[PDB]
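Colleague: Structure file model-v2.txt (compact mmCIF, N, CA and C atoms and all ligand atoms) right here:
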```txt
# COMPACT_ATOMS: atom_id res chain seq x y z
N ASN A 3 0.85 -1.22 0.00
CA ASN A 3 0.00 0.00 0.00
C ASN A 3 0.87 1.26 0.00
N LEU A 4 0.39 2.32 -0.64
CA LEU A 4 1.20 3.51 -0.88
C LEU A 4 1.54 4.31 0.39
N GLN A 5 0.66 4.29 1.40
CA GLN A 5 0.92 4.95 2.69
C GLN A 5 2.02 4.23 3.48
N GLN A 6 2.13 2.92 3.28
CA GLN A 6 3.17 2.11 3.91
C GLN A 6 4.53 2.37 3.26
N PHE A 7 4.54 2.58 1.95
CA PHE A 7 5.75 2.97 1.23
C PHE A 7 6.22 4.36 1.66
N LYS A 8 5.29 5.31 1.76
CA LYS A 8 5.58 6.64 2.29
C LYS A 8 6.27 6.58 3.65
N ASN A 9 5.78 5.70 4.54
CA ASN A 9 6.35 5.57 5.88
C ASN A 9 7.70 4.85 5.93
N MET A 10 7.86 3.84 5.08
CA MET A 10 9.14 3.14 4.93
C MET A 10 10.26 4.10 4.54
N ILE A 11 9.99 4.97 3.56
CA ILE A 11 10.93 6.00 3.09
C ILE A 11 11.53 6.83 4.23
N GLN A 12 10.69 7.37 5.11
CA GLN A 12 11.16 8.17 6.24
C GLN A 12 11.67 7.33 7.42
N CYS A 13 11.31 6.05 7.43
CA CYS A 13 11.92 5.06 8.32
C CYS A 13 13.38 4.87 7.97
N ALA A 14 13.65 4.52 6.71
CA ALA A 14 14.99 4.14 6.29
C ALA A 14 15.89 5.31 5.94
N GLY A 15 15.30 6.47 5.69
CA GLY A 15 16.06 7.66 5.30
C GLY A 15 15.76 8.94 6.06
N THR A 16 16.50 9.99 5.72
CA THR A 16 16.27 11.33 6.27
C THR A 16 15.19 12.05 5.45
N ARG A 17 15.25 11.87 4.13
CA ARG A 17 14.30 12.48 3.21
C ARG A 17 12.96 11.73 3.19
N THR A 18 11.88 12.50 3.21
CA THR A 18 10.52 11.97 3.16
C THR A 18 10.10 11.71 1.71
N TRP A 19 8.90 11.14 1.54
CA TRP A 19 8.40 10.78 0.22
C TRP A 19 8.24 11.96 -0.74
N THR A 20 8.02 13.16 -0.20
CA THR A 20 7.78 14.35 -1.03
C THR A 20 9.05 14.82 -1.75
N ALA A 21 10.21 14.45 -1.21
CA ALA A 21 11.50 14.75 -1.84
C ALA A 21 11.57 14.14 -3.24
N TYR A 22 10.82 13.06 -3.44
CA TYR A 22 10.98 12.19 -4.60
C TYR A 22 9.90 12.36 -5.67
N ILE A 23 8.81 13.03 -5.33
CA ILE A 23 7.72 13.33 -6.27
C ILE A 23 8.23 13.81 -7.63
N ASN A 24 9.22 14.71 -7.62
CA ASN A 24 9.66 15.42 -8.83
C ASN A 24 11.09 15.13 -9.29
N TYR A 25 11.57 13.93 -9.00
CA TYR A 25 12.99 13.64 -9.19
C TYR A 25 13.29 12.83 -10.44
N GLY A 26 14.21 13.36 -11.25
CA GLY A 26 14.72 12.66 -12.42
C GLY A 26 13.68 12.28 -13.46
N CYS A 27 13.93 11.15 -14.11
CA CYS A 27 13.09 10.67 -15.19
C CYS A 27 12.01 9.68 -14.76
N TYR A 28 12.23 8.97 -13.64
CA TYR A 28 11.36 7.85 -13.23
C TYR A 28 10.63 7.97 -11.89
N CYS A 29 11.14 8.82 -10.99
CA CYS A 29 10.53 9.05 -9.68
C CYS A 29 9.22 9.82 -9.82
N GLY A 30 8.16 9.28 -9.23
CA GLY A 30 6.81 9.80 -9.44
C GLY A 30 6.12 9.00 -10.53
N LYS A 31 5.07 9.57 -11.11
CA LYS A 31 4.29 8.85 -12.12
C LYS A 31 5.02 8.71 -13.44
N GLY A 32 5.14 7.46 -13.90
CA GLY A 32 5.59 7.17 -15.25
C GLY A 32 7.08 7.28 -15.34
N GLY A 33 7.57 7.46 -16.57
CA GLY A 33 9.00 7.57 -16.81
C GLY A 33 9.41 7.22 -18.22
N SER A 34 10.43 7.92 -18.71
CA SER A 34 11.00 7.66 -20.03
C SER A 34 12.50 7.94 -20.01
N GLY A 35 13.21 7.37 -20.97
CA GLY A 35 14.65 7.61 -21.12
C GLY A 35 15.48 6.81 -20.15
N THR A 36 16.70 7.28 -19.92
CA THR A 36 17.62 6.63 -19.00
C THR A 36 17.50 7.27 -17.61
N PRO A 37 17.46 6.44 -16.55
CA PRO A 37 17.56 7.00 -15.21
C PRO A 37 18.87 7.78 -15.10
N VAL A 38 18.78 9.02 -14.63
CA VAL A 38 19.92 9.96 -14.65
C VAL A 38 20.98 9.67 -13.60
N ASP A 39 20.57 9.09 -12.48
CA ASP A 39 21.50 8.78 -11.41
C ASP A 39 21.07 7.55 -10.61
N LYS A 40 21.80 7.27 -9.53
CA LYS A 40 21.55 6.13 -8.65
C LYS A 40 20.13 6.14 -8.09
N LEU A 41 19.69 7.32 -7.66
CA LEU A 41 18.38 7.52 -7.08
C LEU A 41 17.28 7.31 -8.12
N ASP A 42 17.51 7.82 -9.32
CA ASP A 42 16.57 7.62 -10.43
C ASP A 42 16.46 6.13 -10.79
N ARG A 43 17.57 5.40 -10.67
CA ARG A 43 17.59 3.93 -10.81
C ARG A 43 16.71 3.25 -9.77
N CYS A 44 16.78 3.73 -8.53
CA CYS A 44 15.95 3.21 -7.44
C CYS A 44 14.47 3.23 -7.80
N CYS A 45 14.03 4.36 -8.35
CA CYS A 45 12.65 4.58 -8.75
C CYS A 45 12.27 3.77 -9.99
N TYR A 46 13.24 3.60 -10.89
CA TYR A 46 13.05 2.83 -12.11
C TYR A 46 12.78 1.35 -11.79
N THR A 47 13.53 0.82 -10.82
CA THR A 47 13.36 -0.55 -10.37
C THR A 47 12.01 -0.68 -9.69
N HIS A 48 11.75 0.21 -8.73
CA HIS A 48 10.50 0.19 -7.98
C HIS A 48 9.27 0.30 -8.89
N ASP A 49 9.34 1.22 -9.84
CA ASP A 49 8.33 1.38 -10.88
C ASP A 49 8.00 0.05 -11.56
N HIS A 50 9.04 -0.69 -11.94
CA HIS A 50 8.90 -2.00 -12.58
C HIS A 50 8.42 -3.07 -11.63
N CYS A 51 8.79 -2.92 -10.36
CA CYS A 51 8.39 -3.86 -9.33
C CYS A 51 6.88 -3.84 -9.18
N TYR A 52 6.32 -2.64 -9.08
CA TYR A 52 4.88 -2.41 -8.96
C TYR A 52 4.11 -2.94 -10.17
N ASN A 53 4.73 -2.82 -11.33
CA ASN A 53 4.20 -3.32 -12.58
C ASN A 53 4.17 -4.87 -12.62
N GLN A 54 5.22 -5.49 -12.06
CA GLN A 54 5.33 -6.95 -11.97
C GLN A 54 4.41 -7.53 -10.89
N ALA A 55 3.98 -6.69 -9.95
CA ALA A 55 3.06 -7.12 -8.90
C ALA A 55 1.63 -7.34 -9.41
N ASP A 56 1.30 -6.78 -10.57
CA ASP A 56 0.00 -7.00 -11.22
C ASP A 56 -0.12 -8.43 -11.75
N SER A 57 1.03 -9.08 -11.96
CA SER A 57 1.09 -10.46 -12.44
C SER A 57 0.86 -11.50 -11.33
N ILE A 58 0.55 -11.01 -10.13
CA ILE A 58 0.20 -11.86 -8.99
C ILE A 58 -1.30 -11.73 -8.71
N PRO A 59 -2.01 -12.87 -8.57
CA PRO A 59 -3.46 -12.85 -8.35
C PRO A 59 -3.85 -12.02 -7.14
N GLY A 60 -4.87 -11.17 -7.31
CA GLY A 60 -5.42 -10.34 -6.24
C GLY A 60 -4.48 -9.29 -5.69
N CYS A 61 -3.63 -8.76 -6.55
CA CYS A 61 -2.52 -7.91 -6.15
C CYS A 61 -2.54 -6.54 -6.84
N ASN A 62 -2.86 -5.50 -6.07
CA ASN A 62 -2.72 -4.11 -6.53
C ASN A 62 -1.73 -3.38 -5.63
N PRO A 63 -0.65 -2.84 -6.23
CA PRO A 63 0.43 -2.10 -5.53
C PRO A 63 -0.02 -0.96 -4.60
N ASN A 64 -1.04 -0.21 -5.02
CA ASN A 64 -1.50 0.98 -4.28
C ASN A 64 -2.38 0.69 -3.08
N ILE A 65 -3.14 -0.40 -3.13
CA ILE A 65 -4.17 -0.67 -2.12
C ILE A 65 -3.86 -1.86 -1.21
N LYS A 66 -2.95 -2.74 -1.65
CA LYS A 66 -2.58 -3.95 -0.90
C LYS A 66 -1.89 -3.65 0.43
N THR A 67 -2.59 -3.92 1.54
CA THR A 67 -2.00 -3.79 2.88
C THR A 67 -1.15 -5.02 3.21
N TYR A 68 0.12 -4.79 3.51
CA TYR A 68 0.99 -5.86 3.98
C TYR A 68 1.37 -5.65 5.45
N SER A 69 2.23 -6.53 5.96
CA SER A 69 2.78 -6.41 7.31
C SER A 69 4.26 -6.07 7.25
N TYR A 70 4.62 -5.00 7.93
CA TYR A 70 6.02 -4.65 8.10
C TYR A 70 6.18 -3.97 9.46
N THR A 71 7.42 -3.85 9.90
CA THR A 71 7.72 -3.12 11.12
C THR A 71 8.88 -2.16 10.85
N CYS A 72 8.88 -1.02 11.53
CA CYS A 72 9.97 -0.06 11.42
C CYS A 72 10.64 0.12 12.77
N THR A 73 11.90 -0.30 12.84
CA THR A 73 12.78 -0.01 13.97
C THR A 73 13.82 0.96 13.42
N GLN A 74 13.41 2.22 13.30
CA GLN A 74 14.20 3.24 12.61
C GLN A 74 15.70 3.06 12.83
N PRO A 75 16.49 2.95 11.74
CA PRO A 75 16.13 3.03 10.33
C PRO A 75 15.81 1.69 9.65
N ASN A 76 15.42 0.69 10.42
CA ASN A 76 15.32 -0.68 9.91
C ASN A 76 13.91 -1.07 9.53
N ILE A 77 13.76 -1.60 8.31
CA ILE A 77 12.48 -2.10 7.82
C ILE A 77 12.50 -3.63 7.79
N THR A 78 11.40 -4.23 8.24
CA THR A 78 11.24 -5.67 8.21
C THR A 78 9.88 -6.08 7.65
N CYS A 79 9.92 -6.83 6.55
CA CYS A 79 8.71 -7.41 5.96
C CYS A 79 8.39 -8.73 6.65
N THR A 80 7.18 -8.81 7.19
CA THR A 80 6.76 -9.92 8.05
C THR A 80 6.09 -11.07 7.27
N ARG A 81 5.65 -10.81 6.04
CA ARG A 81 4.80 -11.75 5.29
C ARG A 81 5.60 -12.85 4.62
N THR A 82 5.12 -14.09 4.77
CA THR A 82 5.74 -15.25 4.12
C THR A 82 4.71 -15.99 3.26
N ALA A 83 3.56 -16.30 3.87
CA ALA A 83 2.51 -17.09 3.22
C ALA A 83 1.73 -16.29 2.18
N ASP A 84 1.56 -14.99 2.44
CA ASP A 84 0.89 -14.07 1.51
C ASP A 84 1.89 -13.49 0.51
N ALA A 85 2.02 -14.19 -0.62
CA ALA A 85 2.97 -13.86 -1.70
C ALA A 85 2.85 -12.47 -2.31
N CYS A 86 1.62 -11.98 -2.49
CA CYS A 86 1.41 -10.62 -3.00
C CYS A 86 1.96 -9.58 -2.02
N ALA A 87 1.59 -9.72 -0.75
CA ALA A 87 2.07 -8.85 0.31
C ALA A 87 3.58 -8.94 0.46
N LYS A 88 4.09 -10.17 0.48
CA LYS A 88 5.53 -10.45 0.57
C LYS A 88 6.33 -9.73 -0.54
N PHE A 89 5.80 -9.81 -1.76
CA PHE A 89 6.42 -9.26 -2.96
C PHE A 89 6.40 -7.75 -2.89
N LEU A 90 5.25 -7.23 -2.49
CA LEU A 90 4.99 -5.79 -2.49
C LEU A 90 5.76 -5.07 -1.39
N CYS A 91 5.80 -5.67 -0.20
CA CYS A 91 6.57 -5.11 0.91
C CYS A 91 8.02 -5.05 0.49
N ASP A 92 8.42 -6.01 -0.35
CA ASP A 92 9.78 -6.09 -0.83
C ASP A 92 10.12 -4.99 -1.85
N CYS A 93 9.22 -4.75 -2.81
CA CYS A 93 9.38 -3.63 -3.74
C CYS A 93 9.65 -2.36 -2.96
N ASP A 94 8.81 -2.12 -1.96
CA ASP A 94 8.80 -0.90 -1.16
C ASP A 94 10.02 -0.77 -0.25
N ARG A 95 10.33 -1.85 0.49
CA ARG A 95 11.52 -1.92 1.34
C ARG A 95 12.80 -1.69 0.54
N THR A 96 12.88 -2.32 -0.63
CA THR A 96 14.06 -2.19 -1.49
C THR A 96 14.28 -0.73 -1.86
N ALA A 97 13.21 -0.06 -2.27
CA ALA A 97 13.25 1.34 -2.69
C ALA A 97 13.55 2.32 -1.55
N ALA A 98 12.84 2.20 -0.42
CA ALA A 98 13.12 3.00 0.76
C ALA A 98 14.59 2.95 1.16
N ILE A 99 15.17 1.75 1.21
CA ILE A 99 16.62 1.59 1.44
C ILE A 99 17.46 2.18 0.29
N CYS A 100 17.10 1.86 -0.95
CA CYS A 100 17.77 2.42 -2.12
C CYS A 100 17.80 3.94 -2.10
N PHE A 101 16.67 4.56 -1.72
CA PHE A 101 16.54 6.02 -1.64
C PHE A 101 17.45 6.62 -0.57
N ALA A 102 17.56 5.92 0.56
CA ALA A 102 18.33 6.40 1.71
C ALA A 102 19.84 6.37 1.47
N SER A 103 20.31 5.36 0.75
CA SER A 103 21.74 5.17 0.50
C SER A 103 22.24 5.97 -0.71
N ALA A 104 21.31 6.39 -1.56
CA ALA A 104 21.62 7.08 -2.82
C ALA A 104 21.78 8.58 -2.63
N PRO A 105 22.79 9.18 -3.30
CA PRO A 105 22.93 10.63 -3.28
C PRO A 105 21.78 11.36 -3.98
N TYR A 106 21.37 12.48 -3.39
CA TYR A 106 20.30 13.30 -3.92
C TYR A 106 20.92 14.48 -4.65
N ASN A 107 20.89 14.40 -5.98
CA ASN A 107 21.38 15.48 -6.83
C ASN A 107 20.26 16.46 -7.13
N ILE A 108 20.27 17.58 -6.41
CA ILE A 108 19.25 18.62 -6.54
C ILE A 108 19.22 19.14 -7.97
N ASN A 109 20.32 18.91 -8.66
CA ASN A 109 20.49 19.25 -10.06
C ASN A 109 19.55 18.41 -10.96
N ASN A 110 19.04 17.31 -10.40
CA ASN A 110 18.20 16.35 -11.14
C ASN A 110 16.72 16.31 -10.74
N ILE A 111 16.31 17.25 -9.90
CA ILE A 111 14.90 17.54 -9.69
C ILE A 111 14.50 18.41 -10.86
N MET A 112 13.30 18.16 -11.40
CA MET A 112 12.73 18.98 -12.47
C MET A 112 13.57 18.96 -13.74
N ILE A 113 13.62 17.78 -14.38
CA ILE A 113 14.35 17.57 -15.63
C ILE A 113 13.54 16.72 -16.63
N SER A 114 12.41 16.18 -16.19
CA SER A 114 11.60 15.25 -17.00
C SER A 114 11.24 15.74 -18.42
N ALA A 115 11.14 17.06 -18.57
CA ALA A 115 10.85 17.67 -19.85
C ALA A 115 12.11 18.13 -20.60
N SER A 116 13.29 17.90 -20.02
CA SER A 116 14.55 18.26 -20.69
C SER A 116 15.09 17.11 -21.55
N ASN A 117 16.20 17.37 -22.26
CA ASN A 117 16.78 16.42 -23.20
C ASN A 117 17.42 15.18 -22.58
N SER A 118 17.39 15.10 -21.24
CA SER A 118 18.00 13.98 -20.51
C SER A 118 17.05 12.80 -20.28
N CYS A 119 15.75 13.08 -20.25
CA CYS A 119 14.75 12.01 -20.13
C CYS A 119 14.22 11.61 -21.50
N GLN A 120 15.03 11.90 -22.52
CA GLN A 120 14.71 11.66 -23.92
C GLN A 120 15.32 10.34 -24.38
CL CL B 1 2.67 3.86 -14.91
CL CL B 2 4.63 -13.06 -15.81
CL CL B 3 -6.40 -10.45 -9.89
```
So that I can check it, write out the structure of this file as structure tokens.
Ligand SMILES: [Cl-]
Ligand SMILES: [Cl-]
Ligand SMILES: [Cl-]
Modeller:
Amino acid sequence: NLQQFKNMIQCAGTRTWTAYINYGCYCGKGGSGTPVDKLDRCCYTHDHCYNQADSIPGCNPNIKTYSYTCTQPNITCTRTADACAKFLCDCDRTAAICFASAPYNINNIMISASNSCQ
């Protein structure tokens, strides 16, 4: 679920989910071209992860509630038997950690309409 992803982000990192709304070519809705940096790669993977979650029965990325715990900065996915939840918590956990470890190039906010996302 998207609110759980929002919370994972600020669990694992200093930057909240709003930092990422407008970043690079892939962070936020949609995406085209080459991911510009490490962080843009994080979003590119996550983007594809959510897309691959539709291939699991009864699985929607935005609405699917899973089980996780946050021991700041640590995220733990609790689900084993529920494959959709297990998969989805993983997409989200992977990205929250990816976002936290990746450098934030302020130079790469607001570029989606430039020649770099081409
Ligand atoms: Cl999309
Ligand atoms: Cl498939
Ligand atoms: Cl379905």
Colleague: How would you write, as a VMD selection string, the set of residues no farther than 8 Å from ligand CL 3 (chain B) when counting only N, CA and C atoms and all ligand atoms?
Modeller: chain A and resid 56 to 62
Colleague: Let's have the selection written as an mmCIF file, in the coordinates of the input, with N, CA and C atoms.
Modeller:
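Below is the file that was written, out-v4.cif:
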```
data_model
loop_
_atom_site.group_PDB
_atom_site.id
_atom_site.type_symbol
_atom_site.label_atom_id
_atom_site.label_comp_id
_atom_site.auth_asym_id
_atom_site.auth_seq_id
_atom_site.Cartn_x
_atom_site.Cartn_y
_atom_site.Cartn_z
ATOM 1 N N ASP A 56 1.300 -6.780 -10.570
ATOM 2 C CA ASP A 56 0.000 -7.000 -11.220
ATOM 3 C C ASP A 56 -0.120 -8.430 -11.750
ATOM 4 N N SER A 57 1.030 -9.080 -11.960
ATOM 5 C CA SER A 57 1.090 -10.460 -12.440
ATOM 6 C C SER A 57 0.860 -11.500 -11.330
ATOM 7 N N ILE A 58 0.550 -11.010 -10.130
ATOM 8 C CA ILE A 58 0.200 -11.860 -8.990
ATOM 9 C C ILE A 58 -1.300 -11.730 -8.710
ATOM 10 N N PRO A 59 -2.010 -12.870 -8.570
ATOM 11 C CA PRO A 59 -3.460 -12.850 -8.350
ATOM 12 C C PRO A 59 -3.850 -12.020 -7.140
ATOM 13 N N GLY A 60 -4.870 -11.170 -7.310
ATOM 14 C CA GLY A 60 -5.420 -10.340 -6.240
ATOM 15 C C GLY A 60 -4.480 -9.290 -5.690
ATOM 16 N N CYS A 61 -3.630 -8.760 -6.550
ATOM 17 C CA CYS A 61 -2.520 -7.910 -6.150
ATOM 18 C C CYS A 61 -2.540 -6.540 -6.840
ATOM 19 N N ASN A 62 -2.860 -5.500 -6.070
ATOM 20 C CA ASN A 62 -2.720 -4.110 -6.530
ATOM 21 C C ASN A 62 -1.730 -3.380 -5.630
#
```
Colleague: Which residues, written as a PyMOL selection string, have at least one atom at most 6.5 Å from residue 14 in chain A, with only N, CA and C atoms counted and residues fewer than 5 positions away on the same chain left out?
Modeller: chain A and resi 9+74-77+98-99+102
Colleague: To one decimal place, how far is atom N of residue 27 in chain A from atom C of residue 13 in chain A in Å?
Modeller: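 Computing it gives 23.0 Å between the two atoms.
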Colleague: Mind giving me the straight-line distance from atom N of residue 63 in chain A to atom C of residue 3 in chain A in Å, one decimal?
Modeller: 7.6 Å
Colleague: One decimal, in Å: what's the spacing between atom N of residue 110 in chain A and atom N of residue 54 in chain A?
Modeller: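 Those two atoms sit 26.7 Å apart.
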Colleague: Please return as a PyMOL selection string the residues found within 8 Å of ligand CL 1 (chain B), counting all atoms listed in the file.
Modeller: chain A and resi 30-33+49+53
Colleague: Please provide as a PyMOL selection string all residues within 9 Å of residue 8 in chain A, with the sequence filter that same-chain residues fewer than 2 positions apart are discarded (counting only C-alpha atoms).
Modeller: chain A and resi 3-6+10-13+18-20+94+98
Colleague: Could you give me, as a ChimeraX atom specification, each residue of chain A that DSSP assigns to alpha helix (DSSP H) when run on this structure's backbone?
Modeller: /A:4-14,40-54,85-103
